[PDB]
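Observations on the three-dimensional arrangement
Here's the letter readout for the chains.
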Amino acid sequence: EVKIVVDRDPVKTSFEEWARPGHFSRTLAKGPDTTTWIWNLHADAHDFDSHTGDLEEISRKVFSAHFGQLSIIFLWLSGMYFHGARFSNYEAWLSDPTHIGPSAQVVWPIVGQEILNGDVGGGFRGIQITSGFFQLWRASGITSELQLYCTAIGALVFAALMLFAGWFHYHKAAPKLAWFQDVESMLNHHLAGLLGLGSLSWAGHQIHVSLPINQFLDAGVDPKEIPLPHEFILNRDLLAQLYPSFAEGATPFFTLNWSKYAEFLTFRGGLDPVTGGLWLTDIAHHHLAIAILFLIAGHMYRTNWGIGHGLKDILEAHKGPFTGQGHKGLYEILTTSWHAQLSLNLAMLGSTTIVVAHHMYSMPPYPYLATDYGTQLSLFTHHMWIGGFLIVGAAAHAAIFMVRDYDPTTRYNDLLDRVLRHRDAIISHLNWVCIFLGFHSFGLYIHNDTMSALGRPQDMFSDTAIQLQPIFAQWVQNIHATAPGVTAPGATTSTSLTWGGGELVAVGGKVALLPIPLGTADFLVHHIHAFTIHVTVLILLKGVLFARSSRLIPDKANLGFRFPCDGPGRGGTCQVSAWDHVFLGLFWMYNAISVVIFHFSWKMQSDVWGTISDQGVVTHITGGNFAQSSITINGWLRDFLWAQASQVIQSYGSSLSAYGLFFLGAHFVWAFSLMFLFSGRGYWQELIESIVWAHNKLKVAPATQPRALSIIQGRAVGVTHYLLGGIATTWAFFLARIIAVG
Amino acid sequence: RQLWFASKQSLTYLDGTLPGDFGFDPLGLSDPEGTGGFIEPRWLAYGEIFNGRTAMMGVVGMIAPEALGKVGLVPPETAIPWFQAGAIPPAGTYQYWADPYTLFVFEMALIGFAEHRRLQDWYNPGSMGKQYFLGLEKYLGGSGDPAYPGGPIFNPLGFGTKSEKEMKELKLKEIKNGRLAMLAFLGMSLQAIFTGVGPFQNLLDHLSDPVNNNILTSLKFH
Amino acid sequence: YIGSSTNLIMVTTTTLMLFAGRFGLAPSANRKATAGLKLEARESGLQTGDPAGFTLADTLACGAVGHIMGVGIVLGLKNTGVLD
Amino acid sequence: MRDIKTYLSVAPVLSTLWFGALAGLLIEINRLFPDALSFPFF
Ligand code: CLA
Ligand SMILES: CC1=C[C@H](O)CC(C)(C)[C@H]1/C=C/C(C)=C/C=C/C(C)=C/C=C/C=C(C)/C=C/C=C(C)/C=C/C1=C(C)C[C@H](O)CC1(C)C
Ligand SMILES: CC1=C(/C=C/C(C)=C/C=C/C(C)=C/C=C/C=C(C)/C=C/C=C(C)/C=C/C2=C(C)CCCC2(C)C)C(C)(C)CCC1
Ligand SMILES: CC1=C(C/C=C(\C)CCC[C@H](C)CCC[C@H](C)CCCC(C)C)C(=O)c2ccccc2C1=O
Ligand code: SF4
């Protein structure tokens, strides 16, 4: 059945191994042969799979390790709440959120660096933040420095709880294997307990605290006089003075007269004109609706009583003619291998983060988030990068599974077999498309640029010339605009304001949203994204399929997951290891994402954001030039890189100086990485030797013999810096630009 | 051996030798296959009897002071429903010889001596009658059963004088009473949230008017 | 207000499934419905009183879904009023 | 006790302790003799 059998004191808490570096691995433990040793110490620190050969210990280590990862997050949260309480103009920000920048960092004045303390207003100074906590603390009705302090302590305590918990469950009472593999109950609790009861509890706090309090601040009152949140929960008559449905108590909920709670549980849609965010009634309803759906879904898989499904039997009924044995056997290979689960989870959590970034800019959920141009740009950019990386990780661990855990004599699967057998078709067809999109997406930009350069602006691809109208997006925009009429009679308005119809929402002389048009200039760039996404898929997919064998090397599996090459024979076999396919994917992931966050930044400044006249005419930040200048490659140079880098470049001598330095500093690191990617090891090894000789002359030759980095480390350092230089350069480019213009 | 809502798992280990047994256990807890901490069938039994005993004096104090305020010679000042005695300030309080939070720490220290020593005898039988404790060591060794230490300080006259059946009969009475009190205290609470007029009053509300039946009403007030 | 419309709909729904879960019109803890038919009954070991094998965990499921199909019908209140 | 001291003596732990002390020292000197473009003692 399903029970809790654990062990007692597997590994004794002691400090011995803390003074025996490289104890975990048998190879590393003998000592530092050369400096190659101190690099292999960290490269194999967390690879629990290579230390031991059984699933039980690997499990207990990953289970306890997560507790550490969970603990750090709490400590990270604790600082953010603490800092917002002791070093912020939050309470001032609650008075005029429209035109006082959120600041929650203050620097010590040592070497003149107090120039960084910007005049964010509100009688305060400091680094203007952009993570947008302030809109999060207002949407939860905090309205006090004291309440930000107590949660900071509460957040800190849990960190000690988690960190303690990690210790307890690896040294004192560690679970057994049978505990881990019972994945029906695993899903059963997470769906009902974590996901389900998480929302319902939160839908609680919104009903009794965030809603009635924020309804005071939105109504307009000084924060200091809002009765404390435990007054409503005690004095039930106060909730009556706003929400008369709270007189009858919770009995309508029990008599199915649910249309009595219509005051604070609605289906409005749209955005709030006062605060530019969603209607907290909808949000209040939303988590409640989600709560029920998850909770019921929790009760599906059989755990201990008669009722419930069997995850094994579900996978063993779907087998088709084209597919053969179908999903039989996938239960094992998804249960006796952590690298399978980590690869599968990474892709979904990777994808979801992206969808988060597409929704949070079009349905602004927190109050006074819409007119916070510094926040919108950062939050959209941040989760794109997070979403991009995690997807690449799903390729690496899927590739690792093919090399280490896959075995067609015991863990045999049929679908994963058929997929292997026709892999030549899969890559070649994906190869042709990546070429097709390559010619018809970039080429149109090149042809546009050539014709424009020759004085033929009537042969370019644009709205004023040969036209390419996205109709399919223009059609679906139409449908969502008229959905409130027929196909969703409950809704008062559309689910957003970017649908091809409606009206803008103005908050304090700053546009929240308005219908986003889709002309030709948008059609091209959407087919750029379809191109770089496909190419990135090609590299990672090729790595996963060919991680065990190919027509070049027939025994690549025997060489492991990350090996440099197989020598210069057969024409040259540099970079055939699956690790080097993900190594290549990173650049395209860095390429796909970068154009997306360029596309978002220009489209919103040119077509959406911007001030609004008192009369009613709207003037966007860049004057609406995206629809004409974004179709020529030179256009992306003049009017985006050259014209929107002005603020970062001349940011010297004012609080935005720290961005001016990072802008340069990130170039230096980017250009630095090239030394590792372009060159090779055998040159650096020899130059090291001559340097080593001079130290022999003066007797200062070390005993950990100097060595050059290993082949796959020269690449690993090469890509890491390149990514760090590329991402940070955009970081300093964006924040300094948007903070100055809005 | 009367069984109530038994289960195949339950009757593999609930042998009935433990007093208060009725073979009721559908959540895998007392299962002896899985024993880390706090899931030992002894410890759970140890926590079962203690919680009951705390309930057996917790319940009576949860209805004594107001009901004794119904006729008794208690001056009405210290005759109050239990939740307004001072435990829950938002329900009310009363000014005792102290001011609160000094009563707490005093209480937590006095409890600390009895509690921790009460814990050690579970870890190390007979240990608490070895180191010097101002005399009294002759008793604090216990009889070897942590839940039933015995001794002239704990079992002064001595019942269960000599009869295991009686003791088994007695301990059966001790748990079923314990279960009765735990549920009862859970009654005095959930009544308070909904009724909000005090425990013993809420029995009169159903006495003078059985048609009250606050279930159907479900009005909430402090 | 016992016996109004929302009540009769509830009592029929709940009893119909408890009938269904015990007499043979549903998969209880002791009957599993396969990809086709329902009569694939098995043992599960939940020693109880009801001779039909209706356990403590089946007096809750059929009770639970007794209300899920009891709310969807009642909140189809386009012809039985909006407020009771 | 011996094992704790040995661990504290491994290279990375000394580095942060050593450099941290060095950072504190330089910051203090710049707090007391700021701008310091020349060495005007002799
Ligand atoms: C600016 C630099 C650059 C350019 C142009 C390319 C171009 C290409 N790379 Mg690539 N790559 C680069 C940098 C670049 N890469 C770097 C730095 C890396 C390291 C990370 C990689 C890593 C990499 C990988 C790993 C892969 C590619 C792939 C591809 C090809 C897919 C795109 C395609 O088919 O479009 C078609 C070609 C173009 C759009 C180029 C412009 C052509 C224009 C439209 C017209 C050209 C003139 C015309 C022919 C007239 C001829 C004139 C006559 C006088 C001759 C393409 C040839 C993928 C591939 O080949 O598989 C599909 C692939 O798998 N590259
Ligand atoms: C067995 C099993 C098995 C399966 O498998 C599953 C299931 C079924 C789930 C399970 C069940 C369980 C249960 C039911 C449990 C319960 C318990 C309890 C209730 C306890 C209490 C418990 C309770 C208790 C102790 C209580 C106590 C109390 C007290 C002292 C009081 C005190 C007081 C007073 C006087 C007055 C003042 O002014 C205040 C105060 C201070 C407040
Ligand atoms: C006479 C007689 C008898 C019978 C009895 C009876 C009559 C019983 C009943 C029982 C019952 C009568 C049960 C019930 C149950 C129920 C339940 C368990 C419920 C659940 C619920 C739910 C699940 C809900 C949910 C929800 C919510 C909460 C909200 C949202 C919506 C919904 C609705 C979904 C006996 C056997 C003794 C023997 C013979 C004689
Ligand atoms: C530059 C370069 C090197 C040389 C880089 C080396 C040898 C490592 C860089 C030196 C590091 C920083 C060691 C210095 C840190 C020591 C621990 C000493 C610390 C003392 C400080 C506190 C001063 C390679 O080894 C290499 C290998 C493969 C492909 C490309 C390249 C490559 O491009
Ligand atoms: S160049 Fe380097 S990677 Fe390529 S074959 Fe030679 S050793 Fe291998």
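Residues numbered from 1 in each chain as written, not as in the entry; some residues may be left out. Chains lettered and ligands numbered in written order. Part of a larger assembly, values for the part shown. Heavy atoms only, no water. Residues with missing side-chain atoms left out of burial classes, pairs and counts.

Remarks on the overall build of chain A
Secondary structure assignment for chain A yields 27 helices and five strands. In summary, chain A has a C-alpha radius of gyration of 29 Å against a globular reference of 27 Å for 742 residues, a match within 12%. Across its three principal directions, the C-alpha atoms of chain A cover 80 × 80 × 70 Å. Of all intrachain contacts in chain A linking residues separated by at least 6 positions in sequence, the fraction that spans at least 24 positions is 68%. (Helix = DSSP H or I, 4+ residues; strand = E, 2+ residues; numbered from the N terminus. Rg over C-alpha atoms; globule rule 2.2 N^0.38 Å. Contact = heavy atoms within 4.5 Å.)

With respect to the sheet that holds strand β2 (residues 118–121) of chain A
All names here are of chain A. One open sheet holds the three strands; their spatial order is β1-β3-β2, and the pairing between them is antiparallel. In this open sheet, the two edge strands, each paired with only one partner strand, are β1 (103–105) and β2. The average undirected angle you get between the axes of adjacent strands in this sheet is 75°. Pairing analysis gives two bridges linking β1 to strand β3 (residues 124–128), with the strands arranged antiparallel. Note that in β3 the partner of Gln105 across the bridge is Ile127. (Pairing = 2+ DSSP bridges. Axes fitted to C-alpha atoms, helices over the stretch in contact; angles between N-to-C directions.)

Focus on the nonpolar core
Residues and elements named next belong to chain A. Ranked by internal contacts, the top residues of the largest apolar core, which has 88 residues, are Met604 and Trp609. Among the secondary structure elements, those contributing two or more residues to this core are α14 (330–333), α16 (373–403), α18 (423–453), α20 (520–545), α21 (578–607), α23 (635–642), α25 (657–678) and α27 (711–741). Beyond its immediate chain neighbours, meaning those up to four positions away, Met604 contacts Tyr361, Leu513, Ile516 and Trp609. With 29 residues, the next largest nonpolar core counts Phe133, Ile207, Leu239 and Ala284 among its residues. (Core = buried A, V, L, I, M, F, W, Y, C linked by side-chain atoms within 4.5 Å. Buried < 20%, exposed > 50% of the residue type's maximum accessible area, 1.4 Å probe, protein only.)

Remarks on the interface of chain D and chain A
The interface of chain D with chain A comprises six residues on the first partner and six residues on the second. When chain D packs against chain A, the two sides together hide about 560 Å² of surface, and 81% of this comes from carbon and sulfur. Taken together, the connections running from chain D to chain A amount to zero salt bridges. Looking at which element gives the most residues to the side of chain D that touches chain A, the answer is helix α1 (residues 2–8) of chain D, with four residues. Partitioning the side of chain D that touches chain A into residue classes produces four nonpolar, one polar and one charged. (Buried area = accessible area lost by both parts, 1.4 Å probe. Salt bridge = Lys/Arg side-chain N within 4 Å of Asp/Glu carboxyl O. Nonpolar A, V, L, I, M, F, W, Y, C, P; charged D, E, K, R; others polar.)

Focus: the site of ligand 4
Every residue near ligand 4 is listed here: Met675, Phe676, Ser679, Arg681, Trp684, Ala708, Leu709 and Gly714 of chain A together with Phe19 of chain D. Nearby residues place ligand 4 at the junction of chains A and D. Contacts to ligand 4 include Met675 of chain A, whose backbone N or O atom sits 3.2 Å from an oxygen atom. Here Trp684 of chain A contributes a side-chain N or O atom positioned 2.9 Å from an oxygen atom of ligand 4. Those elements giving two or more residues to the shell around ligand 4 turn out to be α25 and α26 (681–697) of chain A. A per-class count over the shell around ligand 4 returns six nonpolar, two polar and one charged. (Near = heavy atom within 4 Å. Polar contact = N/O pair within 3.5 Å; in protein donor to acceptor, adjacent residues only side chain to side chain.)

Observations regarding the environment of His83 of chain A
Residues and elements named next belong to chain A. Within the secondary structure, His83 sits in helix α3 (residues 55–86). Taking the relative accessible area as the measure of exposure, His83 reaches 36% and is therefore partly exposed. Spatially, the C-alpha atom of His83 lies 8.7 Å from that of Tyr149, the residues being 66 residues apart in sequence.

Remarks on the site of ligand 1
Residue and element names in this part refer to chain A. In the neighbourhood of ligand 1, the contacting residues comprise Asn431, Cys434, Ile435, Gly438, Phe439, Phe442, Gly443, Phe531, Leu538, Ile539, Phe587 and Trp588. Measuring from an oxygen atom of ligand 1, one finds a side-chain N or O atom of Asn431 at 3.3 Å. Its residues placed into classes, the shell around ligand 1 shows nine nonpolar, three polar and no charged.

Overview of the packing of α21 of chain A against α27 of chain A
Here α21 of chain A crosses α27 of chain A at 5°, and the two axes come no closer than 10 Å. As judged from the angle between their axes, α21 of chain A and α27 of chain A are roughly parallel. (Parallel < 35°, antiparallel > 145°, perpendicular 65-115°, else oblique.)

Some points on the interface of chain A and chain C
With 11 residues of chain A at the contact, the number on the chain C side is 13 residues. By residue class, the composition of the side of chain A that touches chain C is four nonpolar, five polar and two charged.

Here's the deal with the arrangement of the chains
Looking across the four pairs of chains in contact, one finds the most contacts between chains A and C. Nowhere do chain B and chain D come into contact; their C-alpha atoms are at least 28 Å apart. Between chain C and chain D there is no contact; the minimum C-alpha to C-alpha separation amounts to 54 Å.

Concerning helix α8 (residues 183–219) of chain A
Maximal helix bending in α8 of chain A amounts to about 40°, located at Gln206 of chain A. Immediately beyond the C-terminal end of α8 of chain A, within one or two residues, lies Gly220 of chain A, with a positive phi of roughly 100°. (Bend = angle between axes of the 7 residues up to and from the residue.)

Let's talk about the UniProt feature "transmembrane region" (unreviewed entry) in chain D
Residues given the UniProt feature "transmembrane region" (unreviewed entry) here are residues 7–27 of chain D. Taken end to end, residues 7–27 of chain D is 90% helix and 0% strand, and its first and last C-alpha atoms sit 28 Å apart. (UniProt positions renumbered as here; feature names shortened; annotations may be inferred.)

Quick look at the pairing of β2 of chain A
All names here are of chain A. As paired elements, β2 and β3 share two bridges and run antiparallel to each other. Looking at β3, one finds that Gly118 is bridged to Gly126. A loop of two residues connects β2 with β3, the two strands running antiparallel in sequence, and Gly122 in this loop sits at a positive phi of about 65°.

Re the packing of aromatic side chains
Across all of its chains, the model carries 65 aromatic pairs over all chains by this definition. Residues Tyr94 of chain B and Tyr96 of chain B carry aromatic rings whose centres are separated by 5.1 Å and whose planes lie at 65° to one another, so their mutual orientation is edge-to-face. In textbook terms, an aromatic cluster arises when at least three aromatic residues are bridged by ring pairs, as seen for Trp385, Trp579, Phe583, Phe587, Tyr590, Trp670 and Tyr722 of chain A. The aromatic ring of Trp279 of chain A is capped on one face by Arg268 of chain A, whose charged end is 4.7 Å from the ring centroid. The ring of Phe133 of chain B carries the charged tip of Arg117 of chain B above its face, separated from the ring centre by 4.2 Å. (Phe/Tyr/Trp six-rings, centres within 6.5 Å; stacked < 30°, edge-to-face > 60°. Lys NZ or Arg CZ within 6 Å of the ring centre and 35° of its normal.)

With respect to the environment of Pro32 of chain A
All names here are of chain A. Take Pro32: it is sitting in the segment before α1 (36–43). Residue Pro32 is classed as partly exposed on the basis of its relative accessible area, which comes to 43%. Leaving out residues up to four positions away in the same chain, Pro32 has contacts with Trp37 and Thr704.

Some thoughts on the pattern of salt bridges
Scanning the entire structure with this criterion turns up 19 salt bridges over all chains. The salt bridge partner of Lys3 of chain A is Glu33 of chain B, with a shortest N-O separation of 2.4 Å. With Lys3 of chain A in the segment before α1 and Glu33 of chain B in the loop between α1 (10–13) and α2 (41–61), this pair bridges two chains. For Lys3 of chain A, a relative accessible area of 23% gives the class partly exposed.

Here we look at the packing of helix α15 (residues 338–359) of chain A against α16 of chain A
Residues and elements named next belong to chain A. The contact between α15 and α16 brings their axes to 7 Å, and the two run at 160°. Taken as axis vectors, α15 and α16 run roughly antiparallel relative to one another. The hand of the α15/α16 crossing is left-handed. (Left-handed = near helix turned anticlockwise from the far one by under 90°.)

Quick look at unusual backbone geometry
For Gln575 of chain A, which is not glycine, the phi dihedral falls at a positive 60°. Mapped onto the fold, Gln575 of chain A is located in the loop between α20 and α21. On the accessibility criterion, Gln575 of chain A (30% relative accessible area) is partly exposed. Positive phi, normally seen in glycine, also occurs at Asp84 of chain C, with a value near 55°. Its place among the elements puts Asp84 of chain C in the segment after α2 (58–74). The class of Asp84 of chain C is partly exposed, set by a relative accessible area of 41%.

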